[PDB]
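Q: For reference, the file entry_0.pdb (PDB, N, CA and C atoms) is included below:
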```
ATOM      1  N   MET A 292     -27.279-239.901 -31.545  1.00  0.00           N
ATOM      2  CA  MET A 292     -28.547-239.173 -31.618  1.00  0.00           C
ATOM      3  C   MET A 292     -28.723-238.378 -32.915  1.00  0.00           C
ATOM      4  N   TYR A 293     -27.629-237.797 -33.395  1.00  0.00           N
ATOM      5  CA  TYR A 293     -27.642-236.968 -34.589  1.00  0.00           C
ATOM      6  C   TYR A 293     -28.069-237.699 -35.852  1.00  0.00           C
ATOM      7  N   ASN A 294     -27.609-238.931 -36.030  1.00  0.00           N
ATOM      8  CA  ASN A 294     -27.969-239.672 -37.231  1.00  0.00           C
ATOM      9  C   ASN A 294     -29.462-239.937 -37.355  1.00  0.00           C
ATOM     10  N   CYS A 295     -30.099-240.345 -36.264  1.00  0.00           N
ATOM     11  CA  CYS A 295     -31.530-240.610 -36.311  1.00  0.00           C
ATOM     12  C   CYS A 295     -32.352-239.353 -36.578  1.00  0.00           C
ATOM     13  N   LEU A 296     -32.019-238.261 -35.900  1.00  0.00           N
ATOM     14  CA  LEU A 296     -32.752-237.015 -36.087  1.00  0.00           C
ATOM     15  C   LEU A 296     -32.566-236.450 -37.491  1.00  0.00           C
ATOM     16  N   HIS A 297     -31.339-236.509 -37.993  1.00  0.00           N
ATOM     17  CA  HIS A 297     -31.046-235.980 -39.313  1.00  0.00           C
ATOM     18  C   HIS A 297     -31.861-236.699 -40.375  1.00  0.00           C
ATOM     19  N   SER A 298     -31.985-238.013 -40.240  1.00  0.00           N
ATOM     20  CA  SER A 298     -32.751-238.776 -41.211  1.00  0.00           C
ATOM     21  C   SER A 298     -34.206-238.340 -41.201  1.00  0.00           C
ATOM     22  N   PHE A 299     -34.843-238.453 -40.038  1.00  0.00           N
ATOM     23  CA  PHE A 299     -36.270-238.138 -39.958  1.00  0.00           C
ATOM     24  C   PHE A 299     -36.491-236.747 -40.489  1.00  0.00           C
ATOM     25  N   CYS A 300     -35.523-235.915 -40.167  1.00  0.00           N
ATOM     26  CA  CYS A 300     -35.486-234.543 -40.555  1.00  0.00           C
ATOM     27  C   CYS A 300     -35.413-234.393 -42.067  1.00  0.00           C
ATOM     28  N   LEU A 301     -34.580-235.209 -42.701  1.00  0.00           N
ATOM     29  CA  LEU A 301     -34.413-235.154 -44.148  1.00  0.00           C
ATOM     30  C   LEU A 301     -35.498-235.920 -44.875  1.00  0.00           C
ATOM     31  N   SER A 302     -36.423-236.501 -44.125  1.00  0.00           N
ATOM     32  CA  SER A 302     -37.516-237.224 -44.767  1.00  0.00           C
ATOM     33  C   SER A 302     -38.801-236.408 -44.762  1.00  0.00           C
ATOM     34  N   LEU A 303     -39.032-235.623 -43.706  1.00  0.00           N
ATOM     35  CA  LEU A 303     -40.235-234.800 -43.654  1.00  0.00           C
ATOM     36  C   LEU A 303     -40.202-233.687 -44.700  1.00  0.00           C
ATOM     37  N   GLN A 304     -39.003-233.197 -44.993  1.00  0.00           N
ATOM     38  CA  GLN A 304     -38.834-232.168 -46.003  1.00  0.00           C
ATOM     39  C   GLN A 304     -39.183-232.714 -47.376  1.00  0.00           C
ATOM     40  N   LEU A 305     -38.745-233.933 -47.661  1.00  0.00           N
ATOM     41  CA  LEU A 305     -39.015-234.531 -48.960  1.00  0.00           C
ATOM     42  C   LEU A 305     -40.509-234.709 -49.191  1.00  0.00           C
ATOM     43  N   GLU A 306     -41.229-235.116 -48.154  1.00  0.00           N
ATOM     44  CA  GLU A 306     -42.669-235.304 -48.272  1.00  0.00           C
ATOM     45  C   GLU A 306     -43.362-233.982 -48.588  1.00  0.00           C
ATOM     46  N   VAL A 307     -42.908-232.916 -47.938  1.00  0.00           N
ATOM     47  CA  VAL A 307     -43.470-231.589 -48.141  1.00  0.00           C
ATOM     48  C   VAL A 307     -43.475-231.217 -49.613  1.00  0.00           C
ATOM     49  N   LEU A 308     -42.381-231.529 -50.295  1.00  0.00           N
ATOM     50  CA  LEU A 308     -42.243-231.211 -51.717  1.00  0.00           C
ATOM     51  C   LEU A 308     -43.120-232.047 -52.640  1.00  0.00           C
ATOM     52  N   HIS A 309     -43.229-233.345 -52.377  1.00  0.00           N
ATOM     53  CA  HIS A 309     -44.065-234.189 -53.221  1.00  0.00           C
ATOM     54  C   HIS A 309     -45.520-233.740 -53.137  1.00  0.00           C
ATOM     55  N   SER A 310     -45.979-233.435 -51.931  1.00  0.00           N
ATOM     56  CA  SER A 310     -47.350-232.980 -51.754  1.00  0.00           C
ATOM     57  C   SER A 310     -47.606-231.729 -52.592  1.00  0.00           C
ATOM     58  N   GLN A 311     -46.674-230.783 -52.532  1.00  0.00           N
ATOM     59  CA  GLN A 311     -46.828-229.535 -53.263  1.00  0.00           C
ATOM     60  C   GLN A 311     -46.917-229.772 -54.755  1.00  0.00           C
ATOM     61  N   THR A 312     -46.081-230.657 -55.278  1.00  0.00           N
ATOM     62  CA  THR A 312     -46.107-230.908 -56.710  1.00  0.00           C
ATOM     63  C   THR A 312     -47.454-231.473 -57.126  1.00  0.00           C
ATOM     64  N   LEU A 313     -47.972-232.413 -56.348  1.00  0.00           N
ATOM     65  CA  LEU A 313     -49.259-232.998 -56.683  1.00  0.00           C
ATOM     66  C   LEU A 313     -50.351-231.949 -56.637  1.00  0.00           C
ATOM     67  N   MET A 314     -50.308-231.087 -55.627  1.00  0.00           N
ATOM     68  CA  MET A 314     -51.329-230.059 -55.517  1.00  0.00           C
ATOM     69  C   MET A 314     -51.274-229.121 -56.713  1.00  0.00           C
ATOM     70  N   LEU A 315     -50.068-228.750 -57.123  1.00  0.00           N
ATOM     71  CA  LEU A 315     -49.912-227.851 -58.258  1.00  0.00           C
ATOM     72  C   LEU A 315     -50.420-228.503 -59.540  1.00  0.00           C
ATOM     73  N   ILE A 316     -50.170-229.800 -59.695  1.00  0.00           N
ATOM     74  CA  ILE A 316     -50.613-230.496 -60.898  1.00  0.00           C
ATOM     75  C   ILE A 316     -52.111-230.364 -61.143  1.00  0.00           C
ATOM     76  N   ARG A 317     -52.881-230.107 -60.088  1.00  0.00           N
ATOM     77  CA  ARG A 317     -54.321-229.947 -60.261  1.00  0.00           C
ATOM     78  C   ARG A 317     -54.710-228.560 -60.756  1.00  0.00           C
ATOM     79  N   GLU A 318     -54.524-227.574 -59.894  1.00  0.00           N
ATOM     80  CA  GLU A 318     -54.945-226.208 -60.154  1.00  0.00           C
ATOM     81  C   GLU A 318     -54.421-225.444 -61.360  1.00  0.00           C
ATOM     82  N   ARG A 319     -53.168-225.030 -61.275  1.00  0.00           N
ATOM     83  CA  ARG A 319     -52.595-224.132 -62.268  1.00  0.00           C
ATOM     84  C   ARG A 319     -51.727-224.819 -63.314  1.00  0.00           C
ATOM     85  N   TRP A 320     -50.669-225.531 -62.926  1.00  0.00           N
ATOM     86  CA  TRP A 320     -49.664-225.961 -63.896  1.00  0.00           C
ATOM     87  C   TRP A 320     -50.264-226.975 -64.864  1.00  0.00           C
ATOM     88  N   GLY A 321     -50.439-228.205 -64.409  1.00  0.00           N
ATOM     89  CA  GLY A 321     -51.376-229.111 -65.036  1.00  0.00           C
ATOM     90  C   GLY A 321     -50.787-229.828 -66.226  1.00  0.00           C
ATOM     91  N   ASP A 322     -50.517-231.120 -66.085  1.00  0.00           N
ATOM     92  CA  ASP A 322     -50.107-232.008 -67.169  1.00  0.00           C
ATOM     93  C   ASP A 322     -48.911-231.458 -67.959  1.00  0.00           C
ATOM     94  N   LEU A 323     -48.146-230.527 -67.386  1.00  0.00           N
ATOM     95  CA  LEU A 323     -46.907-230.064 -67.996  1.00  0.00           C
ATOM     96  C   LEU A 323     -45.683-230.423 -67.177  1.00  0.00           C
ATOM     97  N   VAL A 324     -45.877-230.787 -65.917  1.00  0.00           N
ATOM     98  CA  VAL A 324     -44.823-231.326 -65.072  1.00  0.00           C
ATOM     99  C   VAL A 324     -45.300-232.685 -64.591  1.00  0.00           C
ATOM    100  N   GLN A 325     -44.409-233.669 -64.611  1.00  0.00           N
ATOM    101  CA  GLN A 325     -44.808-235.009 -64.217  1.00  0.00           C
ATOM    102  C   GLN A 325     -43.837-235.585 -63.204  1.00  0.00           C
ATOM    103  N   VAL A 326     -44.359-236.447 -62.343  1.00  0.00           N
ATOM    104  CA  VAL A 326     -43.544-237.257 -61.450  1.00  0.00           C
ATOM    105  C   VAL A 326     -43.280-238.582 -62.142  1.00  0.00           C
ATOM    106  N   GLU A 327     -42.067-239.103 -61.978  1.00  0.00           N
ATOM    107  CA  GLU A 327     -41.696-240.362 -62.605  1.00  0.00           C
ATOM    108  C   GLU A 327     -41.305-241.424 -61.586  1.00  0.00           C
ATOM    109  N   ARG A 328     -40.940-241.021 -60.373  1.00  0.00           N
ATOM    110  CA  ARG A 328     -40.603-241.978 -59.332  1.00  0.00           C
ATOM    111  C   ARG A 328     -40.613-241.294 -57.975  1.00  0.00           C
ATOM    112  N   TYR A 329     -41.311-241.905 -57.019  1.00  0.00           N
ATOM    113  CA  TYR A 329     -41.299-241.460 -55.632  1.00  0.00           C
ATOM    114  C   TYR A 329     -41.311-242.695 -54.745  1.00  0.00           C
ATOM    115  N   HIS A 330     -40.130-243.182 -54.384  1.00  0.00           N
ATOM    116  CA  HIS A 330     -39.978-244.086 -53.256  1.00  0.00           C
ATOM    117  C   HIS A 330     -39.866-243.221 -52.014  1.00  0.00           C
ATOM    118  N   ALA A 331     -40.750-243.456 -51.051  1.00  0.00           N
ATOM    119  CA  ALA A 331     -40.899-242.524 -49.944  1.00  0.00           C
ATOM    120  C   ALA A 331     -39.636-242.484 -49.098  1.00  0.00           C
ATOM    121  N   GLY A 332     -39.366-241.323 -48.510  1.00  0.00           N
ATOM    122  CA  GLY A 332     -38.258-241.156 -47.600  1.00  0.00           C
ATOM    123  C   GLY A 332     -36.875-241.138 -48.218  1.00  0.00           C
ATOM    124  N   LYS A 333     -36.735-241.261 -49.540  1.00  0.00           N
ATOM    125  CA  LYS A 333     -35.390-241.284 -50.106  1.00  0.00           C
ATOM    126  C   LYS A 333     -35.155-240.285 -51.232  1.00  0.00           C
ATOM    127  N   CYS A 334     -36.104-240.094 -52.156  1.00  0.00           N
ATOM    128  CA  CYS A 334     -35.864-239.252 -53.328  1.00  0.00           C
ATOM    129  C   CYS A 334     -37.122-239.127 -54.177  1.00  0.00           C
ATOM    130  N   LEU A 335     -37.154-238.082 -55.009  1.00  0.00           N
ATOM    131  CA  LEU A 335     -38.143-238.002 -56.080  1.00  0.00           C
ATOM    132  C   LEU A 335     -37.503-237.347 -57.294  1.00  0.00           C
ATOM    133  N   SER A 336     -38.207-237.412 -58.424  1.00  0.00           N
ATOM    134  CA  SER A 336     -37.705-236.916 -59.696  1.00  0.00           C
ATOM    135  C   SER A 336     -38.863-236.389 -60.535  1.00  0.00           C
ATOM    136  N   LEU A 337     -38.637-235.245 -61.177  1.00  0.00           N
ATOM    137  CA  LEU A 337     -39.651-234.534 -61.938  1.00  0.00           C
ATOM    138  C   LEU A 337     -39.195-234.352 -63.376  1.00  0.00           C
ATOM    139  N   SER A 338     -40.160-234.337 -64.295  1.00  0.00           N
ATOM    140  CA  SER A 338     -39.911-234.184 -65.721  1.00  0.00           C
ATOM    141  C   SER A 338     -40.678-232.991 -66.266  1.00  0.00           C
ATOM    142  N   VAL A 339     -40.053-232.305 -67.223  1.00  0.00           N
ATOM    143  CA  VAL A 339     -40.400-230.976 -67.708  1.00  0.00           C
ATOM    144  C   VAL A 339     -39.915-230.877 -69.152  1.00  0.00           C
ATOM    145  N   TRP A 340     -40.628-230.074 -69.958  1.00  0.00           N
ATOM    146  CA  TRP A 340     -40.401-229.913 -71.395  1.00  0.00           C
ATOM    147  C   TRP A 340     -40.343-231.268 -72.093  1.00  0.00           C
TER     148      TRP A 340
ATOM    149  N   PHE B 149     -71.551-226.829  -3.871  1.00  0.00           N
ATOM    150  CA  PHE B 149     -70.199-227.068  -3.384  1.00  0.00           C
ATOM    151  C   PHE B 149     -69.196-227.283  -4.511  1.00  0.00           C
ATOM    152  N   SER B 169     -57.116-230.341 -32.387  1.00  0.00           N
ATOM    153  CA  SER B 169     -57.745-230.928 -33.562  1.00  0.00           C
ATOM    154  C   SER B 169     -56.709-231.300 -34.617  1.00  0.00           C
ATOM    155  N   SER B 170     -57.090-232.258 -35.477  1.00  0.00           N
ATOM    156  CA  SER B 170     -56.235-232.852 -36.531  1.00  0.00           C
ATOM    157  C   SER B 170     -56.451-232.322 -37.955  1.00  0.00           C
ATOM    158  N   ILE B 171     -55.352-231.933 -38.595  1.00  0.00           N
ATOM    159  CA  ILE B 171     -55.392-231.353 -39.935  1.00  0.00           C
ATOM    160  C   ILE B 171     -55.311-232.384 -41.052  1.00  0.00           C
ATOM    161  N   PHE B 172     -55.616-233.630 -40.705  1.00  0.00           N
ATOM    162  CA  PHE B 172     -55.632-234.757 -41.641  1.00  0.00           C
ATOM    163  C   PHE B 172     -54.308-235.028 -42.361  1.00  0.00           C
ATOM    164  N   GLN B 173     -53.192-234.760 -41.690  1.00  0.00           N
ATOM    165  CA  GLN B 173     -51.882-235.056 -42.262  1.00  0.00           C
ATOM    166  C   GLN B 173     -51.184-236.164 -41.469  1.00  0.00           C
ATOM    167  N   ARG B 174     -51.907-236.763 -40.533  1.00  0.00           N
ATOM    168  CA  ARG B 174     -51.334-237.853 -39.765  1.00  0.00           C
ATOM    169  C   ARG B 174     -51.361-239.151 -40.572  1.00  0.00           C
ATOM    170  N   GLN B 175     -51.847-239.070 -41.806  1.00  0.00           N
ATOM    171  CA  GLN B 175     -51.905-240.228 -42.690  1.00  0.00           C
ATOM    172  C   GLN B 175     -50.587-240.335 -43.441  1.00  0.00           C
ATOM    173  N   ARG B 176     -49.641-239.506 -43.009  1.00  0.00           N
ATOM    174  CA  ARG B 176     -48.310-239.450 -43.586  1.00  0.00           C
ATOM    175  C   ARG B 176     -47.278-239.429 -42.465  1.00  0.00           C
ATOM    176  N   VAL B 177     -47.376-238.439 -41.583  1.00  0.00           N
ATOM    177  CA  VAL B 177     -46.437-238.327 -40.467  1.00  0.00           C
ATOM    178  C   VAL B 177     -46.411-239.610 -39.638  1.00  0.00           C
ATOM    179  N   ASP B 178     -47.545-240.298 -39.590  1.00  0.00           N
ATOM    180  CA  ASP B 178     -47.619-241.572 -38.891  1.00  0.00           C
ATOM    181  C   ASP B 178     -46.721-242.587 -39.591  1.00  0.00           C
ATOM    182  N   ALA B 179     -46.746-242.576 -40.922  1.00  0.00           N
ATOM    183  CA  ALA B 179     -45.936-243.501 -41.707  1.00  0.00           C
ATOM    184  C   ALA B 179     -44.448-243.268 -41.475  1.00  0.00           C
ATOM    185  N   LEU B 180     -44.053-242.006 -41.385  1.00  0.00           N
ATOM    186  CA  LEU B 180     -42.656-241.689 -41.148  1.00  0.00           C
ATOM    187  C   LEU B 180     -42.235-242.208 -39.776  1.00  0.00           C
ATOM    188  N   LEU B 181     -43.106-242.043 -38.785  1.00  0.00           N
ATOM    189  CA  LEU B 181     -42.819-242.524 -37.443  1.00  0.00           C
ATOM    190  C   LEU B 181     -42.665-244.038 -37.464  1.00  0.00           C
ATOM    191  N   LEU B 182     -43.522-244.723 -38.218  1.00  0.00           N
ATOM    192  CA  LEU B 182     -43.433-246.173 -38.340  1.00  0.00           C
ATOM    193  C   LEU B 182     -42.109-246.543 -38.994  1.00  0.00           C
ATOM    194  N   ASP B 183     -41.727-245.793 -40.021  1.00  0.00           N
ATOM    195  CA  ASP B 183     -40.462-246.029 -40.683  1.00  0.00           C
ATOM    196  C   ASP B 183     -39.352-245.686 -39.708  1.00  0.00           C
ATOM    197  N   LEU B 184     -39.639-244.813 -38.745  1.00  0.00           N
ATOM    198  CA  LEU B 184     -38.598-244.475 -37.788  1.00  0.00           C
ATOM    199  C   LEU B 184     -38.470-245.574 -36.746  1.00  0.00           C
ATOM    200  N   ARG B 185     -39.608-246.008 -36.215  1.00  0.00           N
ATOM    201  CA  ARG B 185     -39.630-247.061 -35.209  1.00  0.00           C
ATOM    202  C   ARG B 185     -39.094-248.373 -35.775  1.00  0.00           C
ATOM    203  N   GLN B 186     -39.478-248.683 -37.009  1.00  0.00           N
ATOM    204  CA  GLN B 186     -39.036-249.912 -37.662  1.00  0.00           C
ATOM    205  C   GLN B 186     -37.536-249.875 -37.903  1.00  0.00           C
ATOM    206  N   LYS B 187     -36.979-248.671 -37.911  1.00  0.00           N
ATOM    207  CA  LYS B 187     -35.551-248.491 -38.114  1.00  0.00           C
ATOM    208  C   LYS B 187     -34.799-248.097 -36.851  1.00  0.00           C
ATOM    209  N   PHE B 188     -35.501-247.713 -35.795  1.00  0.00           N
ATOM    210  CA  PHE B 188     -34.813-247.335 -34.566  1.00  0.00           C
ATOM    211  C   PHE B 188     -35.529-247.870 -33.334  1.00  0.00           C
ATOM    212  N   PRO B 189     -35.316-249.157 -33.041  1.00  0.00           N
ATOM    213  CA  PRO B 189     -35.930-249.833 -31.896  1.00  0.00           C
ATOM    214  C   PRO B 189     -35.426-249.252 -30.586  1.00  0.00           C
ATOM    215  N   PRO B 190     -36.298-249.178 -29.574  1.00  0.00           N
ATOM    216  CA  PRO B 190     -35.921-248.640 -28.264  1.00  0.00           C
ATOM    217  C   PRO B 190     -34.861-249.527 -27.633  1.00  0.00           C
ATOM    218  N   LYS B 191     -33.901-248.926 -26.939  1.00  0.00           N
ATOM    219  CA  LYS B 191     -32.826-249.696 -26.326  1.00  0.00           C
ATOM    220  C   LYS B 191     -32.927-249.790 -24.805  1.00  0.00           C
ATOM    221  N   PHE B 192     -34.028-250.350 -24.309  1.00  0.00           N
ATOM    222  CA  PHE B 192     -34.200-250.497 -22.872  1.00  0.00           C
ATOM    223  C   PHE B 192     -34.749-251.884 -22.564  1.00  0.00           C
TER     224      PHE B 192
END
```
Turn the structure described in the file into structure tokens.
A:
Amino acid sequence: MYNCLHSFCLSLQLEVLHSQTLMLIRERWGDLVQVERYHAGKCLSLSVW
Amino acid sequence: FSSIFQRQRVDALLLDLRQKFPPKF
């Protein structure tokens, strides 16, 4: 039971972060932070400076 | 005598869950 819950659990958190980055890219920060790869449910990566 | 329009994502995770964890009955 633990393996299935942990996964789903570790996937909803990742989505939360990608959404936030996209939202920030609009309003305040803007074209200074970029996403380079988001395969869903596994990982993401951000670029800066 | 309501939906906050985020089911366009959580649904996908569930599908990824079901596609990866088939019921055992």
Q: Could you expand the ChimeraX specification (/B :<8) & /A into the explicit residues it covers here, written as a CSV table (one decimal) with N, CA and C atoms, keeping the file's coordinate frame?
A:
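File produced: selection13.csv:
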```csv
chain,number,residue,atom,x,y,z
A,295,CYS,N,-30.1,-240.3,-36.3
A,295,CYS,CA,-31.5,-240.6,-36.3
A,295,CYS,C,-32.4,-239.4,-36.6
A,299,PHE,N,-34.8,-238.5,-40.0
A,299,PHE,CA,-36.3,-238.1,-40.0
A,299,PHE,C,-36.5,-236.7,-40.5
A,302,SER,N,-36.4,-236.5,-44.1
A,302,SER,CA,-37.5,-237.2,-44.8
A,302,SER,C,-38.8,-236.4,-44.8
A,303,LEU,N,-39.0,-235.6,-43.7
A,303,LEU,CA,-40.2,-234.8,-43.7
A,303,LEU,C,-40.2,-233.7,-44.7
A,332,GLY,N,-39.4,-241.3,-48.5
A,332,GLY,CA,-38.3,-241.2,-47.6
A,332,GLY,C,-36.9,-241.1,-48.2
```
Q: Select from chain B everything DSSP, run on the backbone, classes as alpha helix (DSSP H), then give the selection as a PyMOL selection string.
A: chain B and resi 174-185
Q: Can you tell me which residues surround residue A:326 at a distance of at most 6 Å, considering all atoms listed in the file, apart from same-chain residues fewer than 3 positions away, and format the answer as a short mmCIF file (atom, residue, chain, number, x, y, z; two decimals) with N, CA and C atoms, in the coordinates of the input?
A:
```cif
data_model
loop_
_atom_site.label_atom_id
_atom_site.label_comp_id
_atom_site.auth_asym_id
_atom_site.auth_seq_id
_atom_site.Cartn_x
_atom_site.Cartn_y
_atom_site.Cartn_z
N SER A 336 -38.21 -237.41 -58.42
CA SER A 336 -37.70 -236.92 -59.70
C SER A 336 -38.86 -236.39 -60.54
N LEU A 337 -38.64 -235.24 -61.18
CA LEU A 337 -39.65 -234.53 -61.94
C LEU A 337 -39.20 -234.35 -63.38
N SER A 338 -40.16 -234.34 -64.30
CA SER A 338 -39.91 -234.18 -65.72
C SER A 338 -40.68 -232.99 -66.27
#
```
Q: Expressed in Å to a single decimal, how great is the separation between atom C of residue A:333 and atom CA of residue A:305?
A: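 Between atom C of residue A:333 and atom CA of residue A:305 the gap is 7.3 Å.
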Q: Could you give me, as a ChimeraX atom specification, the residues within 10 Å of residue A:334, counting only C-alpha atoms and dropping anything in the same chain fewer than 3 positions from it?
A: /A:302,305-306,309,328-331
Q: One decimal, Å: what's the distance from atom CA of residue A:316 over to atom CA of residue A:304, could you say?
A: 19.1 Å
Q: List the residues matched by the PyMOL selection byres ((chain A and resi 340) around 7) in the displayed structure as a list in words, ordered by chain and then by residue number.
A: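 Selected by the PyMOL selection byres ((chain A and resi 340) around 7) in this file: residues 323, 324, 338 and 339 of chain A.
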Q: Kindly give the distance, in Å, that separates atom N of residue A:313 and atom N of residue A:325, rounded to a single decimal.
A: 9.1 Å
